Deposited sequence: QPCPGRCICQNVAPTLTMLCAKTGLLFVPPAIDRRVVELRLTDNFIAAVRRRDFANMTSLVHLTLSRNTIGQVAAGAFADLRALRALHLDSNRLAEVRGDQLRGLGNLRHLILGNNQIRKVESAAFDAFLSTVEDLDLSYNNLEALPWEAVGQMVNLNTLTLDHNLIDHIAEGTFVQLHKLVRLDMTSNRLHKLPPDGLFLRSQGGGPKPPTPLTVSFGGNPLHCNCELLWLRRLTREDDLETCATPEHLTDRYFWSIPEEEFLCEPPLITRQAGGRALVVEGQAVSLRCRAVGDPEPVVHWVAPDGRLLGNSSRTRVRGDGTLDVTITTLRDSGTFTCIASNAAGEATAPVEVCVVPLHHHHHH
């Protein structure tokens, strides 16, 4: 009882079903739940319903490559506890939620390459954090990534992000990934790389990125690596220049200079709202921090706000603690300070 145009082998132990190029519109219903291998490549499946892989507790390999799957229902893989590998490459997935990958206790290979995944839910890999050995998210639309989840994947040895829009890689990641051998960050939006355990075998590819070539990449330039056609995008002096062709001396950082100060003096005698401005400039762009007269750094909390520009806004002043509100512009090449004295 095999569905039309499909090739099914029901000889124990490996019950295999193959449906390549059979023009499927849906996942074949009433498929034998004792299936071990399932391959549905090169069809035209639009969506994956929960009913599709309901009771397949014997399934270990699932391949859904090259379809038009644009939607995967919640808990669609909830009962695939024996599943080792999952292939959803070359489809139309737009996101990866936790309720979709629930119950994949034995998942060791996860391939989601060549999709349009815009966002991966934080801790959507919870079902297989300790087991996963291979994760592919290449050729998607990821600008961000739940690195905190990645940092827990101990048995991970190959992580590929060949073509996305990832802006930055978290620094604390990759510290416990001792089995990691391949990390691909080619073709993203990486301006810089953190001084992590990049150096070690290990293959870390980071070509095709809009690298900002200042001091923040000096540590990497000092390494002894083969030219993987890495190229700088900024600053203008080094635009279109090959990374490893540039001498270490030309990776320059510029100290912070506070251009727009409060002017060194301010005064409000009552509860009326006050506001201070602080804007720094340098390479890389300095980070502005404010301090209270008590020497306490002020953050994004109640009654006090800080913006990307650097402006400090305080709504209800006590005035019981009047002193010098200092502005600190931290930078890789130095610090700048512009104090203001209020009462």
Missing C-alpha stretches, by deposited numbering?
1, 202-212, 356-365
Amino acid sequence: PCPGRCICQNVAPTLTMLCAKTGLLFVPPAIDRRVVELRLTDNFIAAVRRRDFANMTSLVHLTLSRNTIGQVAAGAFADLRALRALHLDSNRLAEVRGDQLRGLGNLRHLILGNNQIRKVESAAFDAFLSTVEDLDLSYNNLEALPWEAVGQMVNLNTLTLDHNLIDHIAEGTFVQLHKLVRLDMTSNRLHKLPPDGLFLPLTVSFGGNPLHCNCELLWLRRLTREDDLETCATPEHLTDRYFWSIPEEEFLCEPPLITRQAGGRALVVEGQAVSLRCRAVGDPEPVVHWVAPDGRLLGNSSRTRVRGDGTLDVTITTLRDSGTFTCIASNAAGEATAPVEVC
From here on, numbers count along this sequence of modelled residues.
Per the entry, higher mean C-alpha B factor between 219-227 and 111-119:
219-227
With reference to the PDB entry, specify whether the mean Cα temperature factor is higher for 39-47 or for 286-294.
286-294
Between 67, 57, 63, 318, which one tops the list for C-alpha B-factor in the PDB entry?
318
Out of 195, 256, 210, 201, highest CA B-factor residue:
201
Would you mind checking where the Cα B-factor of residue 269 ranks among the modelled residues of its chain, as the lowest, middle or highest third?
highest
For residue 22, the third of its chain by CA B-factor is the middle
Going by the entry, which third of its chain does the Cα temperature factor of residue 170 land in?
middle
Within this chain's modelled residues, let me know which third the CA B factor of residue 178 belongs to: lowest, middle or highest.
highest
Quick check on the deposited entry: does the C-alpha B-factor of residue 92 sit in the lowest, middle or highest third of its chain?
lowest
